[PDB]
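Student: show me the folded form of this:
(chains A and B, ligands or ions: 1)
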Amino acid sequence: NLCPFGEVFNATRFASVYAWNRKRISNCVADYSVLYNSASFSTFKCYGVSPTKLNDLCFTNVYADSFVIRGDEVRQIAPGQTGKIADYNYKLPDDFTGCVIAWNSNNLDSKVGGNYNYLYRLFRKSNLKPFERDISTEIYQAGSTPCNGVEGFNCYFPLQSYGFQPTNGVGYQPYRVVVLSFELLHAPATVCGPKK
Amino acid sequence: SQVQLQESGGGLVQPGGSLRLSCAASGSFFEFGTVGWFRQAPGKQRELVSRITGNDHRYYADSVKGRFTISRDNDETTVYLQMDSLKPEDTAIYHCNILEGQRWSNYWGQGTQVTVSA
Ligand SMILES: *[C@@H]1O[C@H](CO[C@@H]2O[C@@H](C)[C@@H](O)[C@@H](O)[C@@H]2O)[C@@H](O[C@@H]2O[C@H](CO)[C@@H](O)[C@H](O)[C@H]2NC(C)=O)[C@H](O[C@@H]2O[C@@H](C)[C@@H](O)[C@@H](O)[C@@H]2O)[C@H]1NC(C)=O
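Tutor: Numbers count the residues shown, from 1 in each chain, chains lettered A, B, ... in the order given. I have put the structure below:
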């Protein structure tokens, strides 16, 4: 009855950030200290909760969102940030309660010749709202001339692919990210630390 | 940040013939997640002929749909444009390019010449 964090953190495949994955966690016991100590993470940043307090708390639901971005973009996975990732792909709310966890995945997600499997949204008419997901792929009209289905200058396919090459600098290497959000509603709190 | 896009594969063929263009990228750093093949006929506007983003999001201009195929090399930062069933109006200098931020980059090299002549 331990929470299935292994299925999230140790997943063989991770989503593209524009099509980010969400798993709901419920009705289970979670040791967050064990999680914290389970690997050499490069980011483990909590908001409104703390690593030292989580094992004494109960929540109605935990959501685990996961995806790949490049190293220099992990700083955008935080409340109050701007940039292509925060604005167009994955947005946290200002009042976020949870933890942002990341690790370098260059050994899995780069490839000689480039790994092109991971995508992000490069253009959007307006910013995302918090926890919004946009998987659309219609041509983006970047100027005032209508595109009429024809791509070219000022008429763009809206996604770009990372081109993860093993020799990239670390800021441009792939990082796997898990965002844990802790929700407390007027409902039974079924996700608890071992101290309960 | 430096990139060189080496364009090759053009030639002189008869109508109905085929060519494979190659856009081979090298350098310390470049964004190869989107690659576009452009062409400019004499005294005409440059147009995007075909684009590939990621592994499998492709675009073809109406006039080449069904005749051209864009693809990636499996082991190298190279993209190919297979041009089949060539027509005289495909005659142009073909250029490949990549994105820099939210726009096609300012790279505009020597390209490769395609001539289709009856
Ligand atoms: C993520 O996966 C880590 C590696 O698991 C090993 O490889 C997998 C492919 C699979 O075959 C698995 O059975 C292997 O053990 C886990 O670390 C391992 O955890 C097991 C217990 O589950 C432990 O017996 C191993 O010694 C340990 N090996 C290594 C190299 O870390 C992670 O488990 C967490 O981290 C451990 C350090 C330990 O605290 C464990 O209790 C934790 O669950 C996996 N992470 C998560 C979040 O599940």
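
Student: CA atoms for contacts and neighbours, from now on please.
Tutor: Noted.

Student: show me the contacts for the spatially most central residue of chain B.
Tutor: Closest to where the C-alpha atoms of chain B average out (C-alpha atoms, centre = their mean) is residue B:37, at 2.7 Å. For residue B:37, the contact set (C-alpha atoms under 8 Å, 6 or more residues apart in numbering or on different chains) comprises B:48-51, B:81, B:94-97.

Student: mind running it again at 10 Å?
Tutor: B:7, B:21-23, B:47-52, B:60, B:70, B:79-81, B:94-98, B:111 (C-alpha atoms under 10 Å, 6 or more residues apart in numbering or on different chains).

Student: same check on residue B:2?
Tutor: B:26-30.

Student: near residue 33, how many residues? Count them for me, please.
Tutor: Answering for chain A, as no chain was given. With neighbours defined by other C-alpha atoms under 10 Å in any protein chain shown, the count for residue A:33 comes to 14.

Student: hmm, no, I was thinking of chain B.
Tutor: 24.

Student: do the same with residue B:35
Tutor: Neighbours of residue B:35 (other C-alpha under 10 Å): 25.

Student: picking up where we left off before, which of the contacts of residue B:37 fall in strands?
Tutor: With strands taken from DSSP state E, the overlap with the contacts of residue B:37 comprises B:7, B:21-23, B:47-52, B:60, B:70, B:79-81, B:94-98.

Student: what number of residues lie near residue B:84?
Tutor: Residue B:84 has 17 nearby residues by other C-alpha under 10 Å.

Student: just residue A:169 next, same as before
Tutor: With other C-alpha under 10 Å as criterion, residue A:169 counts 12.

Student: coming back round to it: if I've got this straight, the residue nearest to the centre of chain B is in a strand?
Tutor: Yes. The assignment for residue B:37 is a strand, going by DSSP: H, G, I helix; E, B strand; the rest coil.

Student: partners of it in the sheet?
Tutor: residue B:50, residue B:96 (DSSP bridges).

Student: most distant residue from the middle of chain A?
Tutor: residue A:145 (34.2 Å).

Student: is it in a helix, a strand, or coil?
Tutor: Going by three-state DSSP: residue A:145 is coil.

Student: any figure for the gap between it and chain B?
Tutor: 15 Å (C-alpha to the nearest C-alpha, to the nearest Å).

Student: in contact with that residue, which residues?
Tutor: Contacts of residue A:145 (C-alpha under 10 Å, 6+ apart): A:153-155.

Student: contacting residues for residue B:111?
Tutor: Residue B:111 neighbours (C-alpha under 10 Å, 6+ apart): B:5-10, B:23, B:37-40, B:92-96.

Student: for chain A, see how far away it is.
Tutor: Separation of residue B:111 from chain A (C-alpha to the nearest C-alpha) stands at 18 Å.

Student: what number of residues lie near the residue nearest to that residue when sequence neighbours are not counted?
Tutor: Distance criterion C-alpha to C-alpha, 6 or more residues apart in numbering or on different chains; nearest residue to residue B:111, sequence neighbours excluded, is residue B:95 at 4.5 Å. By the criterion of other C-alpha under 10 Å, residue B:95 has 28 neighbours.

Student: surely residue B:95 is in contact with residue B:7?
Tutor: Yes. Here residue B:95 reaches residue B:7: they are 6.9 Å apart, a contact under C-alpha atoms under 10 Å.

Student: tell me the domain boundaries of chain A?
Tutor: Annotated domains of chain A cover A:1-113+A:166-194, A:114-165 [CATH domains of a matching chain].

Student: now those in CSV, with distance to residue B:75?
Tutor: Putting those into CSV (distance: least, C-alpha to C-alpha, whole Å) gives the following:
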stretch, distance to residue B:75
domain A:1-113+A:166-194, 5
domain A:114-165, 8
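
Student: dump the residue contacts of residue 51.
Tutor: Assuming you mean chain A. Going by C-alpha under 10 Å, 6+ apart, the list of residues near residue A:51 reads A:32-33, A:35-36, A:44-45, A:98-99.

Student: my question was about chain B
Tutor: Each residue near residue B:51 by C-alpha under 10 Å, 6+ apart is listed here: A:151-152, A:157, B:34-38, B:57-61, B:69-71, B:79, B:81, B:96-98.

Student: in ChimeraX, select just the buried ones from the contacts of residue B:2.
Tutor: Remark: buried members of the contacts of residue B:2, expressed as a ChimeraX selection using 16 or more other C-alpha atoms under 10 Å in any protein chain shown:
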select /B:29,30
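
Student: near chain A, from the contacts of residue B:2?
Tutor: Restricting these to those near chain A by C-alpha under 10 Å from any C-alpha of the partner chain leaves B:28-30.
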